>>> print(open('final14.pdb').read())   # PDB, C-alpha atoms
MODEL        1
ATOM      1  CA  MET W   1     -23.095   3.919   8.367  1.00  0.00           C
ATOM      2  CA  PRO W   2     -20.181   1.394   8.013  1.00  0.00           C
ATOM      3  CA  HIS W   3     -16.594   2.131   8.983  1.00  0.00           C
ATOM      4  CA  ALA W   4     -13.523   0.432   7.576  1.00  0.00           C
ATOM      5  CA  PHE W   5     -12.709  -3.012   8.983  1.00  0.00           C
ATOM      6  CA  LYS W   6     -10.725  -3.034  12.228  1.00  0.00           C
ATOM      7  CA  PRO W   7      -9.127  -5.767  14.393  1.00  0.00           C
ATOM      8  CA  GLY W   8     -11.809  -7.565  16.418  1.00  0.00           C
ATOM      9  CA  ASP W   9     -14.492  -7.332  13.761  1.00  0.00           C
ATOM     10  CA  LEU W  10     -16.349 -10.609  13.176  1.00  0.00           C
ATOM     11  CA  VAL W  11     -17.037 -11.884   9.691  1.00  0.00           C
ATOM     12  CA  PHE W  12     -17.672 -14.777   7.426  1.00  0.00           C
ATOM     13  CA  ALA W  13     -14.593 -14.893   5.166  1.00  0.00           C
ATOM     14  CA  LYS W  14     -14.669 -16.388   1.697  1.00  0.00           C
ATOM     15  CA  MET W  15     -11.922 -18.330   0.041  1.00  0.00           C
ATOM     16  CA  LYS W  16     -11.926 -20.131  -3.284  1.00  0.00           C
ATOM     17  CA  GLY W  17     -13.366 -23.593  -2.929  1.00  0.00           C
ATOM     18  CA  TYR W  18     -14.562 -23.188   0.682  1.00  0.00           C
ATOM     19  CA  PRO W  19     -17.959 -22.150   2.193  1.00  0.00           C
ATOM     20  CA  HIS W  20     -18.159 -18.662   3.782  1.00  0.00           C
ATOM     21  CA  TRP W  21     -16.254 -19.333   7.038  1.00  0.00           C
ATOM     22  CA  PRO W  22     -16.663 -17.844  10.599  1.00  0.00           C
ATOM     23  CA  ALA W  23     -13.666 -15.638  11.212  1.00  0.00           C
ATOM     24  CA  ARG W  24     -12.260 -12.471  12.727  1.00  0.00           C
ATOM     25  CA  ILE W  25      -9.997  -9.620  11.712  1.00  0.00           C
ATOM     26  CA  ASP W  26      -6.872 -10.165  13.807  1.00  0.00           C
ATOM     27  CA  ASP W  27      -4.403  -7.684  15.236  1.00  0.00           C
ATOM     28  CA  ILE W  28      -0.797  -7.970  14.107  1.00  0.00           C
ATOM     29  CA  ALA W  29       1.359  -8.762  17.155  1.00  0.00           C
ATOM     30  CA  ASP W  30       4.429  -6.629  17.772  1.00  0.00           C
ATOM     31  CA  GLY W  31       7.247  -8.341  15.865  1.00  0.00           C
ATOM     32  CA  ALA W  32       4.864 -10.413  13.695  1.00  0.00           C
ATOM     33  CA  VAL W  33       4.621 -10.677   9.901  1.00  0.00           C
ATOM     34  CA  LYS W  34       2.493  -7.849   8.409  1.00  0.00           C
ATOM     35  CA  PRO W  35      -0.124  -8.530   5.657  1.00  0.00           C
ATOM     36  CA  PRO W  36       0.357  -7.184   2.102  1.00  0.00           C
ATOM     37  CA  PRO W  37      -1.155  -3.692   1.434  1.00  0.00           C
ATOM     38  CA  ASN W  38      -4.962  -3.508   1.323  1.00  0.00           C
ATOM     39  CA  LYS W  39      -5.102  -6.983   2.997  1.00  0.00           C
ATOM     40  CA  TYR W  40      -6.173  -7.919   6.551  1.00  0.00           C
ATOM     41  CA  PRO W  41      -4.988 -10.848   8.719  1.00  0.00           C
ATOM     42  CA  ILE W  42      -7.982 -13.156   8.928  1.00  0.00           C
ATOM     43  CA  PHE W  43      -8.209 -15.717  11.716  1.00  0.00           C
ATOM     44  CA  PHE W  44     -10.568 -18.565  10.796  1.00  0.00           C
ATOM     45  CA  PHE W  45     -12.456 -20.063  13.752  1.00  0.00           C
ATOM     46  CA  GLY W  46     -12.420 -23.835  14.153  1.00  0.00           C
ATOM     47  CA  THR W  47      -9.399 -24.421  11.880  1.00  0.00           C
ATOM     48  CA  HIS W  48      -7.474 -21.649  13.672  1.00  0.00           C
ATOM     49  CA  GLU W  49      -5.686 -20.884  10.351  1.00  0.00           C
ATOM     50  CA  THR W  50      -4.690 -17.353   9.206  1.00  0.00           C
ATOM     51  CA  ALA W  51      -4.916 -16.020   5.670  1.00  0.00           C
ATOM     52  CA  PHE W  52      -4.619 -12.521   4.220  1.00  0.00           C
ATOM     53  CA  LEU W  53      -7.811 -11.277   2.575  1.00  0.00           C
ATOM     54  CA  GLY W  54      -9.260  -8.076   1.190  1.00  0.00           C
ATOM     55  CA  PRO W  55     -12.768  -6.621   1.925  1.00  0.00           C
ATOM     56  CA  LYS W  56     -14.353  -8.204  -1.123  1.00  0.00           C
ATOM     57  CA  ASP W  57     -14.086 -11.575   0.674  1.00  0.00           C
ATOM     58  CA  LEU W  58     -15.246 -10.305   4.129  1.00  0.00           C
ATOM     59  CA  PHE W  59     -18.951 -10.432   5.068  1.00  0.00           C
ATOM     60  CA  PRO W  60     -19.899  -8.748   8.407  1.00  0.00           C
ATOM     61  CA  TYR W  61     -21.128 -11.397  10.841  1.00  0.00           C
ATOM     62  CA  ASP W  62     -24.329  -9.711  12.161  1.00  0.00           C
ATOM     63  CA  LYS W  63     -25.726  -9.125   8.647  1.00  0.00           C
ATOM     64  CA  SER W  64     -24.608 -12.510   7.266  1.00  0.00           C
ATOM     65  CA  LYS W  65     -25.208 -15.118   9.975  1.00  0.00           C
ATOM     66  CA  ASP W  66     -28.784 -15.999   8.962  1.00  0.00           C
ATOM     67  CA  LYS W  67     -27.373 -17.079   5.583  1.00  0.00           C
ATOM     68  CA  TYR W  68     -24.001 -18.586   6.375  1.00  0.00           C
ATOM     69  CA  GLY W  69     -24.147 -19.614  10.049  1.00  0.00           C
ATOM     70  CA  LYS W  70     -25.456 -23.157   9.513  1.00  0.00           C
ATOM     71  CA  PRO W  71     -23.633 -26.491  10.187  1.00  0.00           C
ATOM     72  CA  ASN W  72     -21.311 -27.700   7.448  1.00  0.00           C
ATOM     73  CA  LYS W  73     -19.604 -31.053   6.916  1.00  0.00           C
ATOM     74  CA  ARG W  74     -16.165 -29.448   6.442  1.00  0.00           C
ATOM     75  CA  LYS W  75     -13.459 -30.027   9.091  1.00  0.00           C
ATOM     76  CA  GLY W  76     -13.430 -27.411  11.832  1.00  0.00           C
ATOM     77  CA  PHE W  77     -16.518 -25.579  10.594  1.00  0.00           C
ATOM     78  CA  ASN W  78     -18.952 -26.400  13.412  1.00  0.00           C
ATOM     79  CA  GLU W  79     -16.278 -25.768  16.039  1.00  0.00           C
ATOM     80  CA  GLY W  80     -15.866 -22.439  14.230  1.00  0.00           C
ATOM     81  CA  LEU W  81     -19.571 -21.607  14.555  1.00  0.00           C
ATOM     82  CA  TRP W  82     -19.333 -22.232  18.315  1.00  0.00           C
ATOM     83  CA  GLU W  83     -16.288 -19.978  18.722  1.00  0.00           C
ATOM     84  CA  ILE W  84     -17.717 -17.038  16.771  1.00  0.00           C
ATOM     85  CA  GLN W  85     -20.975 -17.144  18.768  1.00  0.00           C
ATOM     86  CA  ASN W  86     -19.580 -17.978  22.219  1.00  0.00           C
ATOM     87  CA  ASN W  87     -16.044 -16.595  22.607  1.00  0.00           C
ATOM     88  CA  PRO W  88     -14.995 -14.777  19.412  1.00  0.00           C
ATOM     89  CA  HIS W  89     -12.306 -12.607  21.111  1.00  0.00           C
ATOM     90  CA  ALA W  90     -10.441 -15.340  23.031  1.00  0.00           C
ATOM     91  CA  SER W  91      -6.881 -16.518  22.573  1.00  0.00           C
ATOM     92  CA  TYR W  92      -6.880 -19.627  20.357  1.00  0.00           C
ATOM     93  CA  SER W  93      -3.061 -19.726  20.186  1.00  0.00           C
TER      94      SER W  93
ENDMDL
END
>>> encode(input="final14.pdb", output="C-alpha cells")
Amino acid sequence: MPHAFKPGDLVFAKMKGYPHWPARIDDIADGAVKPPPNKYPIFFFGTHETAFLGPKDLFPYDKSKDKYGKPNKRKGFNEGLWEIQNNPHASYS
C-alpha cells in the first residue's frame, strides 16, 4: 500500500496549462526556503524549475509513465524524459 510522498520520489507533476511533466520531490537544503504547508518542492526535469505542489497534482512515475512518458513539443520536455529515466537523482544545480 502507498506511503506519503517523500523526497526522491519520481512523478509526473501537473500544472495549469502544461502537460503532465517528469519531475521529482526534492529535499529542502539546510538554509533554503521551505514550501507552504501541505505543499512539496517539485523539481521539474528538463526545465530544471521548482514549484510548490500538493498531492492532487502528483502522479507516481511507475504507474503513470505508459500514459504520460511520450515526447512532447514543449521546451525541455524531452530532456526531462531522459533525466527521469536515466539519472533522476543527480544534481542538476
>>> closest_residue(input="final14.pdb", among="W:36, W:88, W:46, W:55", to="residue 75 (chain W)", atoms="all atoms listed in the file")
W:46
>>> closest_residue(input="final14.pdb", among="W:19, W:7, W:51, W:44", to="residue 68 (chain W)", atoms="only C-alpha atoms")
W:19
>>> residues_near_point(input="final14.pdb", point="(-6.9, -21.9, 17.5)", cutoff="7 Å", atoms="only C-alpha atoms", output="PDB file with C-alpha atoms, in the coordinates of the input")
ATOM      1  CA  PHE W  45     -12.456 -20.063  13.752  1.00  0.00           C
ATOM      2  CA  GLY W  46     -12.420 -23.835  14.153  1.00  0.00           C
ATOM      3  CA  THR W  47      -9.399 -24.421  11.880  1.00  0.00           C
ATOM      4  CA  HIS W  48      -7.474 -21.649  13.672  1.00  0.00           C
ATOM      5  CA  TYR W  92      -6.880 -19.627  20.357  1.00  0.00           C
ATOM      6  CA  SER W  93      -3.061 -19.726  20.186  1.00  0.00           C
TER       7      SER W  93
END
>>> axis_aligned_box(input="final14.pdb", around="region 44-48 of chain W", padding_each_side="6 Å", output="JSON")
{"center_x": -10.0, "center_y": -21.5, "center_z": 12.5, "size_x": 17.0, "size_y": 17.9, "size_z": 15.4}
>>> residues_near_point(input="final14.pdb", point="(-16.7, -29.8, 9.2)", cutoff="12 Å", atoms="only C-alpha atoms", output="compact mmCIF listing (two decimals) with C-alpha atoms, keeping the file's coordinate frame")
# COMPACT_ATOMS: atom_id res chain seq x y z
CA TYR W 18 -14.56 -23.19 0.68
CA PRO W 19 -17.96 -22.15 2.19
CA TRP W 21 -16.25 -19.33 7.04
CA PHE W 45 -12.46 -20.06 13.75
CA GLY W 46 -12.42 -23.84 14.15
CA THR W 47 -9.40 -24.42 11.88
CA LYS W 70 -25.46 -23.16 9.51
CA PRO W 71 -23.63 -26.49 10.19
CA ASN W 72 -21.31 -27.70 7.45
CA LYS W 73 -19.60 -31.05 6.92
CA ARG W 74 -16.16 -29.45 6.44
CA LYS W 75 -13.46 -30.03 9.09
CA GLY W 76 -13.43 -27.41 11.83
CA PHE W 77 -16.52 -25.58 10.59
CA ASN W 78 -18.95 -26.40 13.41
CA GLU W 79 -16.28 -25.77 16.04
CA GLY W 80 -15.87 -22.44 14.23
CA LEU W 81 -19.57 -21.61 14.56
